[PDB]
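Numbers restart at 1 for each chain; the letters A, B, ... are given by sequence-line order, proteins then strands. Excluded from the calculations below are hydrogen atoms, water molecules and symmetry mates; all remaining heavy atoms, backbone and side chain alike, are included.
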Amino acid sequence: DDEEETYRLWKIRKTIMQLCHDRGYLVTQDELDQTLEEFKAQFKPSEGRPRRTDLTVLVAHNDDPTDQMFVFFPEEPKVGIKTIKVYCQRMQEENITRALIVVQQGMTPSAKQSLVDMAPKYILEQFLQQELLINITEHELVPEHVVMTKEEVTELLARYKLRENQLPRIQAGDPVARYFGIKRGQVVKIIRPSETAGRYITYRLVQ
Amino acid sequence: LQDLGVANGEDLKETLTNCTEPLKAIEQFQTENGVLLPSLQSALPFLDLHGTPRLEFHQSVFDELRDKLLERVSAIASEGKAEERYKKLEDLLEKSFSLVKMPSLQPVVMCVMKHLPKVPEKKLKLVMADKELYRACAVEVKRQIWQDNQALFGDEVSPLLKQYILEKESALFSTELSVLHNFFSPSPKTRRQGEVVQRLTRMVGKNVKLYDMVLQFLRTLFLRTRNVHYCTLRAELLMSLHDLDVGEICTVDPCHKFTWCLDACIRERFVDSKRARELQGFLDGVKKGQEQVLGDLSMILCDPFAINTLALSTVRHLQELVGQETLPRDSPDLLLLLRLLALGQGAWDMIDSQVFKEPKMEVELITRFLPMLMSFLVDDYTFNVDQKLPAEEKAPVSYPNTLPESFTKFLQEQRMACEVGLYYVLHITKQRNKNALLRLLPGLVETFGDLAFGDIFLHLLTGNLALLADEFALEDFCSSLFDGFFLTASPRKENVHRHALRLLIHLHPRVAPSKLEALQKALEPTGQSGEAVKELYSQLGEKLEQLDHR
Amino acid sequence: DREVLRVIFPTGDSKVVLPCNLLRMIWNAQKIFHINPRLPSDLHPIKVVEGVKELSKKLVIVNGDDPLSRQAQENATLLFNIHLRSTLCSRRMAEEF
Amino acid sequence: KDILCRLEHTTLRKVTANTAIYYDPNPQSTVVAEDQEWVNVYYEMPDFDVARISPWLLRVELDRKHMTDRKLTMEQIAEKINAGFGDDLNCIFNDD
Amino acid sequence: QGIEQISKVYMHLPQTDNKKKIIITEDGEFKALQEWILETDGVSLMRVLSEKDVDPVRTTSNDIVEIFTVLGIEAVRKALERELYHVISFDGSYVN
């Protein structure tokens with residue numbers, strides 16, 4: 001239905017804008033605080049304008065402006081190979097290398113192979129529409145996750161005389177790992193409150 | 001005090017001068033200028049005994065009672081029956097204007113003049129004539145003089161227009177290049193936040209006569225300068241009226257909707273299908289009889305940020321036609337983009353002489369230029385793919401850096417083709433397609449109207465040129481733009497020479513030694529630019545001495 | 001510290017497990033030296049502040065001086081340091097203890 | 001309770017009292033006299049009956065109690081059925 | 001209507017302060033508000049969190065594998081800790 005659909009797409013827009021903010025990509029405050037009625041005014045979509053191509057947005061890194069990212073919305077139910085090729089040609093046109101794509105309710109297994117095989121030159125991530133309906137990072141159970149630069153990881157391993165394999169692990173397919181878009185080899189500093197020390201900082205290796 | 005039948009200091013000294021009983025005369029003056037309540041004439045000695053003079057409780061009640069008088073000026077503006085309340089305020093005006101000279105009743109009368117739509121203009125004339133009143137006058141007082149006569153409006157917009165051009169010139173000539181930011185980053189609403197245009201909106205408020213006055217001033221200065229700055233200030237003033245939600249201009253101006261659409265267009269720097277359809281239906285509402293605003297409408301389109309928007313939109317349409325496997329004839333939004341840009345560039349000519357017509361696009365511009373541009377991109381991406389394939393062939397397919405002379409002919413004879421080619425060069429510079437960059441750069445030696453030497457494009461090309469900073473060490477990459485392109489029109493306009501000198505001032509550490517030496521001694525002030533090139537050449541010489549230590 | 005406790009304990013439960021019983025130690029200090037709570041004390045508030053500061057310097061769970069070890073030291077003893085500063089504040093030390 | 005109804009899984013069987021597969025070959029007629037009235041109210045305008053509709057009939061009764069409790073109305077069930085089966089099933093419902 | 005794998009939903013006001021909506025009023029005092037909570041049978045955490053007018057922060061499950069699949073490894077660490085703390089402290093006993 002049109003009403004729930006516009007509410008859903010506004011909520012997904014909010015979630016991905018918060019995600020891009022968390023990944024260090026520059027997003028203004030108003031789009032982070034975009035009301036539902038502001039979504040109504042800026043764009044009701046029942047083939048009025050659910051042009052999912054129009055909801056796609058580009059964002060740039062706070063400290064690395066040439067490092068930019070697209071987010072795409074395919075309007076077909078299960079994404080096909082040829083629209084992945086269209087998006088990759090778009091990225092070639094704009095030189096973008098990172099672009100995470102949402103999907104309506106699923107993704108074709110052929111596309112599952114077609115994203116991983118072209119991964120090392122073009123980073124792409126597939127998100128179910130259901131997942132981005134809520135920002136999981138605001139849940140009370142998830143603690144604060146922050147990615148560590150390699151300088152910080154070297155400092156950490158030098159402090160504790162540790163090797164990377166000795167740290168506890170986190171799977172790359174974890175929801176928060178996919179939220180931050182962290183590849184294998186990254187290290188996440190998790191800051192959580194504790195009832196014995198007040199604050200506790202642990203470190204998880206992406207493997 | 002004499003204006004309402006009360007004495008002054010000279011009358012006091014008369015009452016003292018040549019008197020056998022000066023003390024009783026002083027007491028009589030004190031009685032005749034006290035506060036007339038019967039409890040005070042006994043309490044005045046008693047409170048005087050405390051060490052508190054009579055004037056002190058007078059000061060306290062003075063502050064209290066004029067606070068209430070100003071409160072009631074606002075109230076009678078908003079309270080009472082209309083004829084009685086305006087009669088009360090006008091009568092109180094006649095009472096109070098005798099003391100606007102005094103330091104008490106200026107702002108009270110200024111509020112009274114604020115809340116009356118019209119006044120006898122003697123007091124407005126005194127308000128403009130006196131500098132103190134010219135400052136402290138409320139905004140509607142100033143409006144009423146402007147609405148009754150344009151002298152003060154011109155007198156105060158002339159320095160403000162001058163300051164706007166000062167800001168434009170200073171920002172366009174600034175010597176910073178980065179991957180982080182440029183000076184065209186602020187949106188038009190970002191640039192409206194300066195107090196110049198917001199104050200101009202306050203000066204106009206919600207009045208249509210002052211709107212026409214600013215329109216005619218910007219029209220005259222735009223017709224003499226041939227500069228887009230006054231067009232941009234019209235657009236900023238209209239959208240600042242909309243920022244206040246000024247219904248007196250926004251609902252009646254046929255251009256307000258269209259400029260509001262263009263605001264989002266410039267904010268994204270593209271004309272997307274939604275706002276494209278909006279602006280296209282807005283254009284298709286142009287019919288014979290009511291085309292008088294076409295001049296103003298296209299005058300809005302002249303903004304540098306709007307030129308950037310339309311030009312990058314045309315480049316994006318060119319580039320997306322490549323992947324679609326479609327001819328340029330099948331691009332309606334592209335034709336809309338070029339129609340709007342042609343209208344905007346012809347805006348000034350419309351101000352000079354009103355010519356209402358939807359222009360037609362040149363044949364070879366649509367049938368020959370754009371397919372060649374698409375072919376350039378196709379060759380670029382074929383070369384890229386052949387590089388990326390495993391073992392294509394020995395010395396893989398050389399991307400054509402050739403110039404099909406039709407391309408240069410359209411770069412140098414067909415205005416629209418010139419500008420879209422300029423921004424095409426800019427966009428490939430952002431993507432650093434060097435072979436395409438030196439494919440399309442040569443042939444710019446001849447240009448229509450030196451649009452390739454305008455402040456906008458030269459600023460942006462400088463802004464891109466720090467990406468390939470090390471190539472300035474090579475003589476050819478700089479010489480293709482400096483010895484080949486800038487010096488073809490460096491001594492013709494001040495902006496070109498200034499642009500080259502700021503580019504070399506920023507990027508002095510990386511340019512080769514003899515190369516920068518020859519650049520300075522060749523781009524020395526040639527005799528067609530004033531203090532700007534003097535200060536830039538002073539910096540050039542000082543940083544060349546710095547380079548001699550490099 | 002109060003705001004930090006508020007975000008750590010959103011349920012408002014003040015009962016918490018910690019190493020040193022500060023109240024019982026204060027009571028033992030009172031009854032070893034025969035503290036008369038009816039008379040004015042001779043303890044500077046500033047001495048209380050500096051004493052708790054240098055004590056918190058002396059309580060080490062992780063040692064080192066780089067930012068990582070210092071941050072871990074702060075986090076490990078954050079809650080006990082909050083409890084110590086709240087319990088041995090010069091106000092309560094001069095009024096009730 | 002509204003949100004509770006919105007998320008608790010309700011199926012068709014929960015709100016149905018009974019069903020019956022009749023035959024009723026002429027869709028203008030009904031084997032049940034009470035049915036004929038509002039069936040005629042839906043049959044002055046032809047609704048996918050100009051060609052021969054299938055001469056079977058599946059008639060279901062919905063519990064008023066459960067329909068009110070779950071805040072369900074007559075029309076949205078038919079919308080859900082038509083969404084599930086397209087136009088393969090022609091569905092009519094009595095006026096509430 | 002409703003999300004599958006949700007066979008029953010009990011709505012109630014918890015009189016115990018643990019599940020009550022504890023806030024800090026402007027005076028800085030803890031106030032435990034009484035607010036309706038819904039406890040269900042059968043779990044689909046992604047769907048119910050995606051619902052409208054549902055608290056997406058405090059909403060949790062007792063199914064740890066659900067938490068791991070939907071939220072992650074630190075979330076299921078915390079949820080597992082709270083769950084086994086609950087089952088231990090239910091009978092009044094205490095463990096460090």
Side-chain angles (χ1 to χ4, degrees), chain A residues 1 3-12 14-15 18 36 102 105 127-146 167-180 182 188-197 200-207, chain E residues 1-6 14 17-24 30 32-33 35 37 39 43-86 88-89 94-96:
Chain A
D1 187 291
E3 183 272 335
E4 61 87 5
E5 277 290 337
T6 179
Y7 159 77
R8 160 172 308 164
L9 297 181
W10 159 76
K11 202 169 188 296
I12 292 163
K14 185 67 68 59
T15 299
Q18 293 166 331
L36 176 53
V102 72
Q105 88 307 338
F127 273 110
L128 265 288
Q129 160 168 106
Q130 272 286 321
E131 299 169 325
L132 302 171
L133 279 164
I134 53 152
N135 197 338
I136 60 174
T137 63
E138 278 68 356
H139 204 275
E140 60 171 21
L141 288 172
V142 297
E144 190 185 0
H145 299 68
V146 291
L167 299 168
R169 300 292 222 273
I170 177 163
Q171 291 179 334
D174 193 295
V176 61
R178 298 169 57 214
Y179 184 94
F180 284 90
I182 49 176
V188 174
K189 159 159 69 74
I190 294 99
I191 310 166
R192 61 161 168 271
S194 77
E195 57 169 292
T196 56
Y200 184 63
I201 294 181
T202 183
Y203 305 95
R204 283 190 177 280
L205 176 61
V206 183
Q207 275 189 353
Chain E
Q1 64 185 8
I3 295 148
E4 283 74 353
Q5 310 153 333
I6 306 183
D17 302 336
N18 50 62
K19 285 170 285 182
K20 277 186 191 177
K21 175 62 187 305
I22 304 179
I23 64 176
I24 296 95
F30 278 91
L33 305 182
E35 288 187 347
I37 67 184
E39 52 180 354
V43 294
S44 180
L45 186 45
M46 191 72 261
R47 297 290 305 288
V48 301
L49 282 165
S50 301
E51 196 57 36
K52 187 173 182 293
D53 200 353
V54 67
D55 197 327
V57 173
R58 305 172 55 74
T59 297
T60 184
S61 75
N62 79 321
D63 187 20
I64 55 175
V65 58
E66 186 68 11
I67 296 286
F68 173 56
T69 53
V70 65
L71 290 175
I73 190 67
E74 283 286 344
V76 72
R77 153 61 163 87
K78 187 64 164 193
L80 175 58
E81 184 272 335
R82 293 201 317 187
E83 284 289 328
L84 58 93
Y85 172 75
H86 168 71
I88 290 166
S89 80
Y94 167 74
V95 53
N96 200 323

Do A:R8 and A:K11 have side-chain heavy atoms sitting under 4.5 Å apart?
no
Cut-off 4.5 Å, heavy atoms of chain E, and the answer for A:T196 is neither
Any residues in residues 61-69 of chain E near chain A, with a heavy-atom distance under 4.5 Å, and which are they?
E:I67, E:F68, E:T69
Contacting moiety of E:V76, where chain A heavy atoms sit under 4.5 Å
neither
For A:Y179 and A:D174, does a side-chain donor sit closer than 3.5 Å to a side-chain acceptor?
no
Between E:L49 and E:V54, does a side chain to side chain contact (heavy atoms under 4.5 Å, CB included) hold up when you go through it step by step?
CA-CA 7 Å; E:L49 282 165; E:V54 67; 5.7 Å; no
A:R204 and A:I190: side chain to side chain contact (heavy atoms under 4.5 Å, CB included), yes or no, with the steps?
CA-CA 7 Å; A:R204 283 190 177 280; A:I190 294 99; 3.7 Å; yes
Max heavy-atom pairs within cutoff under 4.5 Å with chain E, candidates A:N135, A:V142, A:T137, goes to A:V142
A:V188 vs A:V146 side-chain heavy atoms within contact, under 4.5 Å
no
Partner chain E: residue of A:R192, A:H145, A:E4, A:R169 with the largest heavy-atom pair count (under 4.5 Å)
A:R192
A:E195 atom CD, neighbour heavy-atom count above 12 within 6.0 Å
no
Looking only at non-hydrogen atoms, find the nearest pair between A:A172 and A:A177 and report the distance.
O-CB, 3.6 Å
Quick one: salt bridge (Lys or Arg N to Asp or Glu O under 4.0 Å) pairs with a partner in residues 44-56 of chain E, sequence neighbours left out?
D:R6-E:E51
